[PDB]
Each structure stands twice: as C-alpha cells, then as structure tokens.
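# Structure here, sequence nowhere to be found:
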C-alpha cells in the first residue's frame, strides 16, 4: 500500500536546549509522527524522550525515543543541532576545524545508514556547517538546508511589529547574509502590510532614522543579550526549525530565509549563505534574488567574502 | 529523495453537499496537500474547486481541481460519496442494484488507473457499499473502510454531552451495527469521563430511563429530522470523513467506529458492519470487540442478519 | 473575571454563506457560542443540529437557532442575509438590513458588526448609519475575498504558497475594484522585479489574471449556482482577528476620513483590526493610475449611496 | 464589549517548568498576554525576549518580564515557583507561596489560580487558605500528569493513540497515588476485558506499568536533572480548558466536600472545568481496594497539612 509512506520521521542530532526545544515544538504542533533523538549523552536523550512522551496524550501521537545514527535509514529529515562552542582564544578557523571533525562523525554514519532525505542544519556557524554537510554527505545542493537568517528575520519582524503595534505576521522584512556579525537588513523591501518602511516613516516622521538603525543593531546582538540574561538562546531557533520542518513535510512551497547554495545569485558562488528561498518536500526549489540597493549589495558581498575566505582555508 | 513521498493526495468521488463539505473541511484543517474532485457534473466540480481555492490564502496550501478517475493513480485516498437515493417504491434490493451498477463504474476505472491506496466509503447504504467496494476492487479487507456508525456515535455523544453539560470529547459512547434503522446504542460501556451511564444515573436519578431511550431514538432518527428541516444532512458526515482521513494520513492508530469486515467478531462473518476499530496509515489494524450484554448482542445479530440477507440476494 | 471568557457570535442569514461561515467557525474552534438567525426558522434549526454533530471532533460550542434578542450579549454580529451585478441587489438588501439592525440594537447588542451581504461597502455604510455604532466597530468584508483570489491566482502562476504572496485588491467590491500592482510582491520581491527575472510571464497574462479575479464570482455562479467557501473562510479569518485581538492587517470595508482624498464612505483598503474593531487604516501610496481607479470606484460608490 | 476579548496570564516561577509552559502557550496560541514573574529579573527578561522570537511563526502575544502588580487584570495566575520526595519540599515551598499570593491578591487579581508547584495538593490548599478565593477558583494540576503518563504507558503497550486510552491516577500526586484500573479502558473496552482478549499481557506487567508511572519523575530526574515537558503541556491543556470555557473533564487537585468520604482537603480526582473554574467533581465509584488507596492517600495528606 502506497499509504505506508504516510509516516514521517525525523532524526534529531544534538539534544541541547535547542534540540530539546525543537522536539517539544514538533510534539506540541503535531508535526511528524516519529522523532529519534541522537546525542553522545545517552542518558540525557532517554530523559528527554520519556519527558516528551508525557505530552502526547494532549497532542497527536508520535513514536519518540533515544536513537542511534542507524535509525536514520528511513528518516525524512535529519536535523543537526550539535556544534561545539567557540572557546576563548580559538580563531574562527579553529572553531571550524573542531566542528568539521565532529560533523564528519555524524554525517558519515548517517549516510551509511541509507538515509536518503533532507539535512536541516542549525549548529553554529550555520552557513559554514551547512556547506560542510553538503561536502561531507554528497547530497544534492537543494537537499541540504541551513536555518541561516530565519531567526534573525523573525527577530527583525517582531522588533518592527512592536514598534508599529501590528501582528508580526503582517510585517515582511529580511535579514540576509551569513548569520552572525556580518548579516544585514534589507530595508529596501521591508514593509508592513505592503507599505514599505520608507513610505511608513514618511507617514510617521516621529520614527527617526536612528531608531531604525538601533533596531537592527539590537537584532544583530540579540543572541548576546539573551545569553547575558539567561545563559543560552533556544526558543526562537527551535520554533524556526519547526517552521521549516513543517514546510518540508507538508510540501508547502513556502518562502523562508535560509542557508542556500549560491550559483551566481548576488554575484556569489560556491557558498551557502542566507537568502529568501522557496522550500517544499524536495528541499530548495527556488532561490529568490532580492534586487538590493548599492549599500545592501555591498553588505552582502562583504558577508560572503569573509565567509568564503574562511571556507577555503578550512579545506 | 524519500521526502518526495511527503505529498498527500485525496481523490473525492461525488460532489454533492457531503463531498463538497468534506473538501471544505479538509481545506480548513489543512489535511492533505491535493484534492481532486470527480463527478458526472463537470461544471459543478470546476465550480467547487475554484470556490475552495479562494480559502487557501487563509489556510495551508493545496492543489485543488476538477479531476478524472485516472488522477487516482498516485492517490493515497479515494473517498466515495456518490450514491443514488432510494426512490419511493423501490425495495432495498433495488437501491442496492442501482448503486452497484454505479459503484462498478467508479471502482473499476479507479483500480485501472493504478490506485494503490485506501478506499473510504460514505455513500448510502454505507456498510453494503463498503462490502461492494471490497468485492469490486479486490483490495484487502483492511484497506476498504466505511464511515459506518461514526456519525451516529458523534450524534450520540453530543446528545449525552448536552444533557449532562460536558464537552462531548469527554463522553465515550458507541452506536454500532448497520448504519440505519437497525443500529443500536452500547449503553453497557457508555461513559462520561470514565463513569458509566448506569453509575451516572444512580448519582443523578432526575435522569429517567425513558429520557435515555428517547435520546437514542432521536439519534437514530436524526437524519430524518434534519432532512425534514433543511433538505439534506452534510456537516456531520463531512466532519467525520475528515477525522477518518486525518487518522489515516497522520498514522494515528486512533480508535473510531467504522464499517469493517467481520471475521468472527460478535459471531459474525463476511460482512462489513459498524464497530470500534483501530485505524492508521495502512487502514484497519485491529477490530475492537466490545463485550456486549445479551440485549446488545441480540441487536447486533438482528442488524447483521437483515444486512447479510440483503448482500446475498444482491449477488 | 474569567466569566467574560465566553465568546458569542450571532449570525444573521443562513444561506450557503452563513451556513459555511458557521461550519468554518466550528471546524477551527473560533468562539464558544453561535446563534443563527433567519426568516426560515426550520432551516436554522436544521443547520444548528447538523453542525452540532461536528463538535465531538472539534472544540465545544453552544449552537442554536436564535432570535435577534439573543444578540444582547454577543461579541459579534455577522450579517450575510442578502437577496440571491452586486449593485443590482442594493434596494432589495437595504430593505432586509433595515429589519435586522434595529432589533439587534434594541436587544442591547454592544459588540462589533461584521457585514458581508452584497453590495457590501454600501450595506456597511448603511449598517453604520442605522446602528449609530462607532465607525470602527462596523466592518465590511470588502475586498478581503478578491484579495485572497488575487493572491491565490498569483500563487498558482508562480507555484508558491499563497501565504507568501502579498497583493491587494482595493476599492468597492465589485466591478470598479482594482489591483495594486505597484506594491504586490512574492516574498518581498515585487511583481515588476519578478517579471524582469521571469520574462515568460507576459504583461497581458497579468491583466487577464486580474480580469478573471474581478469576474470570479460570476464564473462560480455560472458553474455551480452560488459562491460561498471563499467568503465564509474570509469571515472566519476576520472573526478570529477580532476575537483573538490580533492587530492583523486585512483588506476591509472601512470608513474614509480623508484617506486617498476620500470622505464619508466605506470602501475597501488595508486596515489593522483587533478586539475593538478598526485601529488603523493603512493608506497605500498609489501610482497615478491606481489612485485614479480608487477615485472612480469611490465616486461611483458615493453616487449609488444617494 | 469585545474589549474583554483579551486574555492574560501571569506566570509565577520561571524555572524549566514555567518557561516550558510559556513556550507551550505561545506555540499553541493560547491567550494573548503573558507576564513572567520571578526573583531572577534578568532570567525573566531573557525568556520573554527569547519567546518573542517565536511569535512571527504563531499568533501574536504581549510577552514581558512582569511584577505581581501586573496581575490586577489577569485571567489566570499560574504558580510554578518551587525549590529544586515531593513532600520533602513542603516547608521550603510554603515560604515561597506566602510571598506570592499576598501581593497577587493585593494587586486586585480576580481570576483563577492554577497551582503546579510541589507538593501540589498541599500548596493548592495553602493557596486557597492564603488567597481567600472560592474553592472552585483554585485549581491544582494534581494527577493530570500522572494520568497522562499512565495513558501513554498503556497506549505504547497496546499500540494505540493515547487519546483513545482512558485511565486515571487519583489521590495525592506523589507516592500514595493509585491507578483506577476498575474504570480504565481503551476505546471503551476495559483493561480487564482487554487482558482477557490478549492474555500475552500478564498481570505483573500492569503492576510494573503503574509502579514505573509512580516513579517516573524520579527516573527523569536521574536521567536529565529535572522534568518539565509533561507538566508544562498539562498546564497548557488546563489553561485552554478554562480560557475557552470547555467544560472538559480532567484529573485535578480539587476541594473535597464529602466526595469519597473526604473533607477539607484538595486531592486529585476527575473534575469538570470551565471559564469559572471547577463546575463538578466527578466521583468515580471505586472498588474496595481502590477506595482504601484513596483513604490512605487522603489520610496521610491531611496529617502533613497539619
């Protein structure tokens, strides 16, 4: 029976706060029917699995368990949240080698299991580890996806939303580039219910230009703020990962900002970097190329350049 | 890519009020990604398809269109709502032959398309047409499913719910048998939040026995009441069909009352009749056999007997 | 205080639209009580008890055949009662309006009016006039449905989830409505920018797309007698935005107090809506061509009001 | 009147439980405002703004670091603030309780208290005593979580959706709680009847199943330090039942006024709940063995209260 294929399975690799919250979000919203949790700390994963199971009588059913890489054989989706943090006194290049070593020992056993699905990558630095995952897995470009700037975009939209007092779902604005310090806002196409930010400021000159600059700076630094205040960040990214998962698993052809492979777009090549893209059950369908201003295009170039120098050096 | 199979497709046959409402329910609740609508009135189906499309920007995406039987090749689910009504002066046997002729001209082109999914049958008389569909399709017993007494059960639960002033989801009571005049309530296992109806009446003797009898009679006659008042019934059954669809498509292993094949249960054989069953992506997994009282078992026997006599005669 | 966490909608008009709206509300678990009011007291009883059968598969609701007096404590009164061009219905539908708004107000109703009967922008104005309610608590569906049609139309063409497509139809709902191509976009990329990247898409296709949208009701009626799923779904969306206090942006029939150079009419434009009705009216900066269209639509609308 | 369609929850205690509860509420779009109150004012700011990042993917909410005074107009106050047996926490947690309920009541709060701090049935009673609120507007999570664990446990065993499995744990949440096997069932078929049909299922398995349920918190803490997803999800379920006026049946800490021969304690039993808190207390007819267990649980509980 063809309906035997109506069982969706996600293997989650990494059971820190992010992975754990992602699993909870998936449970609460009833996305996918099976979640296997893989982490070097086997006790912690057993612990989360059976704590999450208690939620199921209040939601839809799911098979949730502590898993092994071999459990990915028939998974639709492999979500990687396992990245080693940058220790003080390491260079970005060192963070990258330390994490490539680890990422290899995940991707290789996963591919060897027979996994033939989509890789969703959220471990930091995400655009680099997304490229790495593509390189190590041999999967097609469009079946390796990074969260990229989805979270920064959400932060940006919510920030604007609060300012103008509007549901953030009616606010459309992007952050693009490498997720991290070189990311940048796309003010030129940002809007609220179709009305652009430029047009909105003209109607509401109380809103000073410097406020908007601060708003973005605050967005770029939001992770640092959160870590200062409570030790780690996780609810945002978890939620974004769930959103992306839903878009793939329900074949939505949704537009989201994501780490995708550049094949000429923005004058870029052979890197993963964050931009709006159409995504569905088969991964990336289209990469939207926003026509940027000169300033904005420069920012994209600078972001891509530093990113690319680091990739080359790392291999 | 294995995720290419994360696209769910339903072919709906019959675009009367029931089929049309079923399609709307599926759209509103975002169940399945594709709905093809098949009916002898091609204009009406085009009309519904494009009226339903207008709802999509407020819900999840779907491919919805006027379809042909050949469009079932890769469908997960074929839902049959096309039954000719009983004209005055026809016998039940005649209603059955008239509908077998029609049902043949549906099931044969569907099977010929390559359809390899699950048949969900709701056309009346449903337990007979479910058997017919099994016979004509050659599909396994457990991949041919009728709505059976799901709707009567819902009516029964809501009826009790109103009486005791409780959310109907906390009320658990079945109607079983052939959907129609010979169906019967399973008072012995009916309960509210675990407390049985017997126990509830003991605590609340204001509730007279005759009230409960009337409550069931009203349930059995509810279709007639609705038709008297507004011409046809459709919201209930549509909703039930959507529920069943969700259980299959999300592989729930849900318990629902459904038309299922009797292989000894209740002392019955070689008919489809309504009973609680476990259902998932592969159709019927288990048939629950409720231990009935003597009265209740008699009712089941009588219901099955008249039903079976009609089947035999019809072939 | 939690005694106030019970939401109640009185639906007036139990045709296909109203009936479908009720079903949508049931399926998506919006509001806890629905009263259905119509001339045909048997038909409303019939729908009420058919809809009740869905409740064991959704959240609970009190659903019943209702009277205008049942609106005393309603949050929401939704008016769908029309006769079966949308302008050719104006006098027939004002007569029906008149008989509804007065008994509703007399009941003590102190909520929001949501109007969907055609011609909607006129009947919305009428409803404001007859009710004496504030401007911002009388809301028409306006061009929400046309906008949805427009988005879906674009979505199909470019093969993208309609929720990622942002484009408006504004003006009077009906023949003088117009598309706002200047601000239409897909995931932020404008239609102009999209066509440049995808020149397979010819300019005449886009014009046809809009014409088809403007005639869609007629096409549907030709094919199946009436239209209802779209508008029902839109009404449910608007109801949810009010009842969950969303501050959502939607195209709606709202009162013009200067916007676009317009005054003392209800006409369709993007607006922010929440539990207290209309908060803001968004004023899209239109092109000259687009502004002309808005003016013509408004002019012709104001003539008919008289 | 629709000005009252804004639902507000004040959450007290921003540990893993409270934080997860907030997330659950966000993800499922329950309530429109969440204030978070905790000793650690930095941690609550941290969670508030981390949770805000989820809102563009869900419905809108006002989420912020709050003070007890922010409860003036809240619908719901949820108390999760505990020290890290569940009885060995009683004095430490009463001290914390004391410092919460008084400022909340003093703010003008006139809603429902939902209590989840351990030991829950004791702290629920305490909360009633300290607040002076009516019995039925002070609600403890009680054995909702144990019941969920029990259902899920059974569900896994018989390979069925837990929502089709109906079985309770009642009594004091903790060591003296007990299963109500007499009324436990799967799709109406009782556990007794199920075992008869499936004798592979041995009696000692069922006993182990319950023992494992009763020790599940300890198992989880052994494995990962704390438990939170289950209780958070249960609290969200209870919140939804109140805020959407469901009249849902759930096992909860409720005041005994004679039921089971018990008096003047809160203890866990099935109850009907809606916007006004507890409407009915269901009194399951227990077997002799089961009633004994309920009595022992209640006795031991009443001793500790003193």
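Cool, the structure landed. Numbering: from 1, shown residues only, chains lettered A, B, ... in the order given.
# In stretch A:111-120, which residues are buried?
Residues of stretch A:111-120 classed as buried: A:111, A:113, A:115, A:116, A:117, A:118, A:119, A:120 (neighbour count, 16 or more other CB atoms under 10 Å in any protein chain shown). Backbone N, C-alpha and C define where each C-beta goes, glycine included.
# again with stretch A:78-89
Quick answer for stretch A:78-89 (16+ other CB under 10 Å): A:78, A:79, A:80, A:81, A:82, A:83, A:86.
# Quick check: the farthest pair among the buried residues of stretch A:111-120?
A:113 and A:120 (16.6 Å; CB to CB).
# And residue A:22, how far from residue B:75?
32 Å (CB to CB, to the nearest Å).
# which one is the residue nearest the centre of chain A nearest to, not counting chain neighbours?
Note on chain A: the residue nearest the mean C-alpha position is residue A:147, at 1.3 Å, using CA atoms, centre = their mean. Closest residue to residue A:147 apart from its sequence neighbours, by CB to CB, 6 or more residues apart in numbering or on different chains: residue A:122 at 4.6 Å.
# and that neighbour, how many neighbours does it have?
29 (other CB atoms under 10 Å in any protein chain shown).
# thinking again about what came up before, out of the buried residues of stretch A:111-120, the closest to residue B:138 would be?
For the buried residues of stretch A:111-120, the nearest to residue B:138 is residue A:116 (31.9 Å; CB to CB).
# Name the SS class of the closest one, please.
coil (DSSP: H, G, I helix; E, B strand; the rest coil).
# Check which element follows the host helix or strand of residue A:227 along the chain.
With elements taken from DSSP states H and E, the one containing residue A:227 is helix A:222-230. Counting by DSSP H and E, the next helix or strand C-terminal to helix A:222-230 is helix A:235-249.
# ok and that following helix relative to helix A:222-230, angle-wise?
Angle, helix A:235-249 to helix A:222-230, by axes from the mean of the first three to the mean of the last three CA atoms, to 10 degrees: 130 degrees.
# re the thing from before, in the buried residues of stretch A:78-89, find the pair that's most separated.
For those, and using CB to CB, no pair is farther apart than A:78 and A:86, which are 24.0 Å apart.
# Near chain B, which residues of chain A? Just list them.
A:1-8, A:30, A:33, A:60-61, A:74, A:76-77, A:116-118, A:143, A:248-253, A:281-283 (CB under 8 Å from any CB of the partner chain).
# Residue A:75 in helix, strand or coil?
coil.
# Give me the neighbour count for it.
A count of nearby residues for residue A:75, using other CB under 10 Å, gives 27.
# ok, it touching residue A:7?
No. Using CB atoms under 8 Å, residue A:75 is not in contact with residue A:7, being 10.7 Å away.
# Quick check: neighbours shared by those two?
Here residue A:75 and residue A:7 have no joint contacts, going by CB atoms under 8 Å, 6 or more residues apart in numbering or on different chains.
# Pull the distance from stretch A:278-293 to the chain's centre.
Relative to its parent chain, stretch A:278-293 has a centroid offset of 14 Å by CA atoms, centre = their mean, to the nearest Å.
# Any part of that stretch near chain D?
No. With CB under 8 Å from any CB as the criterion, chain D is not reached by stretch A:278-293; the gap is at least 14.2 Å.
# Looking at the record's assignment, how would you partition chain A?
A:1-148, A:149-315 (curated CATH domains).
# Could you look up the SS state of residue A:120?
strand.
# Tell me the spacing between it and residue A:61.
Distance, residue A:120 to residue A:61, using CB to CB: 23 Å.
# before we move on, what about residue A:203?
50 Å.
# Neighbour count for these two, which is higher?
Per other CB under 10 Å, whichever of residue A:203 and residue A:61 has more neighbours is residue A:61, with 25 against 11.
# so the more buried one, which of the three states?
Under three-state DSSP, the three-state class of residue A:61 is coil.
# wait, it sits on residue D:162?
Yes. Here residue A:61 reaches residue D:162: they are 6.6 Å apart, a contact under CB under 8 Å.
# Overlap in contacts, these two.
Residues touching both residue A:61 and residue D:162 (CB under 8 Å, 6+ apart): residue D:155.
# still on that earlier bit, show me what contacts the residue nearest to residue A:147?
A:18, A:22, A:79, A:80, A:81, A:146, A:147, A:237, A:241.
# try it again with 7 Å
A:18, A:79, A:80, A:81, A:147, A:237, A:241 (CB atoms under 7 Å, 6 or more residues apart in numbering or on different chains).
# Repeat that for residue A:113.
A:69, A:70, A:72, A:73.
# Give me the phi and psi angles of it.
The phi/psi pair for residue A:113 (degrees, to the nearest 10) reads phi -60, psi -20.
# Could you find the closest non-adjacent residue to residue A:240?
Nearest to residue A:240 is residue A:150, by CB to CB, 6+ apart, at 4.4 Å.
# Lovely, talk soon.
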